[PDB]
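Asker: Input file: data.csv. Contents: CSV, C-alpha atoms.
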chain,number,residue,atom,x,y,z
D,3,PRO,CA,192.6,88.1,38.4
D,4,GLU,CA,189.6,88.8,40.7
D,5,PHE,CA,189.8,89.7,44.4
D,6,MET,CA,188.8,87.1,47.0
D,7,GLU,CA,187.6,84.6,44.4
D,8,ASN,CA,186.4,81.8,46.7
D,9,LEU,CA,183.8,84.1,48.2
D,10,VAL,CA,180.5,84.8,46.2
D,11,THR,CA,179.8,88.5,45.8
D,12,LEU,CA,176.7,90.0,47.2
D,13,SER,CA,175.2,93.1,45.4
D,14,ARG,CA,173.6,96.0,47.3
D,15,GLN,CA,170.3,94.4,46.3
D,16,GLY,CA,171.6,91.0,47.5
D,17,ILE,CA,172.6,92.0,51.0
D,18,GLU,CA,169.6,94.1,51.7
D,19,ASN,CA,167.8,90.8,50.8
D,20,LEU,CA,170.0,88.8,53.2
D,21,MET,CA,169.1,91.2,56.1
D,22,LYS,CA,165.3,91.2,55.4
D,23,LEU,CA,164.8,87.5,54.6
D,24,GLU,CA,164.4,85.5,57.6
D,25,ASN,CA,163.7,81.8,58.2
D,26,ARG,CA,167.2,81.7,56.9
D,27,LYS,CA,167.9,78.0,57.2
D,28,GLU,CA,171.6,78.7,57.0
D,29,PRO,CA,174.1,81.1,58.6
D,30,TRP,CA,176.1,83.6,56.6
D,31,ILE,CA,179.5,85.0,57.1
D,32,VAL,CA,180.1,88.2,55.1
D,33,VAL,CA,183.3,90.1,54.6
D,34,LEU,CA,182.8,93.8,54.1
D,35,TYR,CA,185.9,94.7,52.0
D,36,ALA,CA,187.4,97.2,49.6
D,37,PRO,CA,190.0,96.0,47.1
D,38,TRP,CA,192.5,98.9,47.6
D,39,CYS,CA,192.9,98.3,51.3
D,40,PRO,CA,196.3,96.7,52.2
D,41,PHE,CA,195.0,94.7,55.1
D,42,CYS,CA,192.2,93.4,52.8
D,43,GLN,CA,194.8,92.1,50.5
D,44,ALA,CA,196.8,90.5,53.3
D,45,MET,CA,193.7,88.8,54.7
D,46,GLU,CA,192.5,87.7,51.3
D,47,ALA,CA,194.1,84.3,51.6
D,48,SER,CA,192.8,84.0,55.1
D,49,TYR,CA,189.3,84.6,53.8
D,50,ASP,CA,189.8,82.3,50.8
D,51,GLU,CA,191.0,79.6,53.3
D,52,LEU,CA,187.9,80.2,55.5
D,53,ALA,CA,185.7,79.8,52.5
D,54,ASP,CA,187.3,76.5,51.4
D,55,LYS,CA,187.2,74.9,54.8
D,56,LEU,CA,183.6,75.9,55.2
D,57,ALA,CA,182.4,74.8,51.8
D,58,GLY,CA,179.7,72.2,52.1
D,59,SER,CA,179.2,73.1,55.8
D,60,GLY,CA,175.9,74.8,55.3
D,61,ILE,CA,177.5,78.2,56.0
D,62,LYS,CA,177.4,80.5,53.1
D,63,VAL,CA,180.5,82.6,52.9
D,64,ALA,CA,180.2,85.8,50.9
D,65,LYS,CA,181.7,89.3,50.4
D,66,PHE,CA,180.3,92.8,49.8
D,67,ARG,CA,182.3,95.7,48.4
D,68,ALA,CA,181.5,98.4,50.9
D,69,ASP,CA,183.5,101.4,49.7
D,70,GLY,CA,182.4,104.2,47.3
D,71,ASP,CA,178.6,104.6,47.0
D,72,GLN,CA,178.0,101.8,49.4
D,73,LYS,CA,180.3,103.2,52.1
D,74,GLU,CA,177.7,105.2,54.0
D,75,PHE,CA,175.1,102.5,53.5
D,76,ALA,CA,177.6,100.0,55.0
D,77,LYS,CA,178.5,102.5,57.8
D,78,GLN,CA,174.8,102.9,59.0
D,79,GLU,CA,173.3,99.4,58.5
D,80,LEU,CA,176.2,97.0,58.1
D,81,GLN,CA,178.2,97.9,61.2
D,82,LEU,CA,181.2,98.7,58.9
D,83,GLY,CA,183.8,100.0,61.1
D,84,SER,CA,186.8,99.9,58.8
D,85,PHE,CA,188.0,97.5,56.1
D,86,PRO,CA,187.7,94.6,56.4
D,87,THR,CA,184.7,93.9,58.6
D,88,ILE,CA,183.3,90.5,59.2
D,89,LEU,CA,179.6,90.1,59.6
D,90,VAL,CA,178.1,86.9,60.9
D,91,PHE,CA,174.4,86.2,60.3
D,92,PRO,CA,173.0,83.4,62.4
D,93,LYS,CA,169.9,81.4,61.6
D,94,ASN,CA,167.9,83.1,64.3
D,95,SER,CA,169.5,86.4,65.2
D,96,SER,CA,168.2,89.8,66.1
D,97,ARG,CA,171.2,91.4,64.2
D,98,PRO,CA,174.4,90.5,62.4
D,99,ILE,CA,177.2,90.1,64.8
D,100,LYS,CA,180.4,92.0,64.0
D,101,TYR,CA,183.4,89.7,64.4
D,102,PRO,CA,187.1,90.6,64.8
D,103,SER,CA,188.9,90.4,61.5
D,104,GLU,CA,192.6,89.7,62.3
D,105,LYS,CA,194.2,86.5,61.1
D,106,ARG,CA,194.1,84.3,64.2
D,107,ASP,CA,190.5,85.2,64.8
D,108,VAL,CA,189.6,83.9,61.4
D,109,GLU,CA,191.6,80.7,62.1
D,110,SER,CA,189.7,80.5,65.4
D,111,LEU,CA,186.4,81.1,63.5
D,112,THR,CA,187.0,78.3,60.9
D,113,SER,CA,188.2,75.6,63.3
D,114,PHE,CA,185.5,76.4,65.8
D,115,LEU,CA,182.7,76.1,63.3
D,116,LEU,CA,184.1,72.8,62.2
D,117,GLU,CA,183.2,71.2,65.5
D,118,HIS,CA,179.8,72.7,65.0
Produce structure tokens that represent the structure in this file.
Answerer:
Amino acid sequence: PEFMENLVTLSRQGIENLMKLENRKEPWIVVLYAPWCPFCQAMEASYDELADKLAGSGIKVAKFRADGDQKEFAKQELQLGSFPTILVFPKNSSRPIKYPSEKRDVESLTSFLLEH
């Protein structure tokens, strides 16, 4: 039973790719998570819902496990405050934008993007 199954998992190699590749034709939303965090578990279904309703939208929805060895990497470069953090990567953006990670904000995020 894997954690947050609807979201594809970036590796450290993968997300350092995401941040260095540009001409990204598509925006990304990336959840910085850690599978022992209670709020991560309670938000898990909120993120799974986000991913389903955004599937086929052109927005890639992914997750990156940011505890342990990655924790300081995520703290310096990935704007990881505390778990979970939501990073939004626009097509043409100076930097990923940290986005509030509470339930109604996620519902706000989904429904907004659906009207493009």
Asker: One decimal, Å: what's the distance from atom CA of residue D:107 over to atom CA of residue D:91, could you say?
Answerer: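 Computing the Euclidean distance for atom CA of residue D:107 and atom CA of residue D:91 yields 16.7 Å.
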Asker: Could you tell me how far atom CA of residue D:24 sits from atom CA of residue D:104, in Å to one decimal place?
Answerer: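 One can read the atom CA of residue D:104 to atom CA of residue D:24 distance as 28.9 Å.
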Asker: Please provide as a count of residues only all residues within 9 Å of stretch 26-43 of chain D, with the sequence filter that same-chain residues fewer than 6 positions apart are discarded (counting all atoms listed in the file).
Answerer: 32
Asker: Of the residues D:48, D:25, D:95, D:59, which is the one nearest to residue D:7, using only C-alpha atoms?
Answerer: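 Closest candidate: D:48.
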Asker: For residue D:21, list every protein, DNA or RNA residue within 9 Å, evaluated using only C-alpha atoms, and leave out those in the same chain fewer than 2 positions away; present the list as a ChimeraX atom specification.
Answerer: /D:16-19,23-24,91,97-98
Asker: Grab the atom CA of residue D:108 to atom CA of residue D:52 distance for me, in Å with one decimal place.
Answerer: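 If I compute the distance from atom CA of residue D:108 to atom CA of residue D:52, I get 7.2 Å.
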Asker: Using all atoms listed in the file, can you tell me which of D:22, D:113, D:99, D:54 comes closest to residue D:10?
Answerer: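 Selected residue with least distance to residue D:10: D:54.
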Asker: Which residue, D:96, D:115, D:102, D:15, has the smallest gap to residue D:75 when you use all atoms listed in the file?
Answerer: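 For residue D:75, the nearest of the given residues is D:15.
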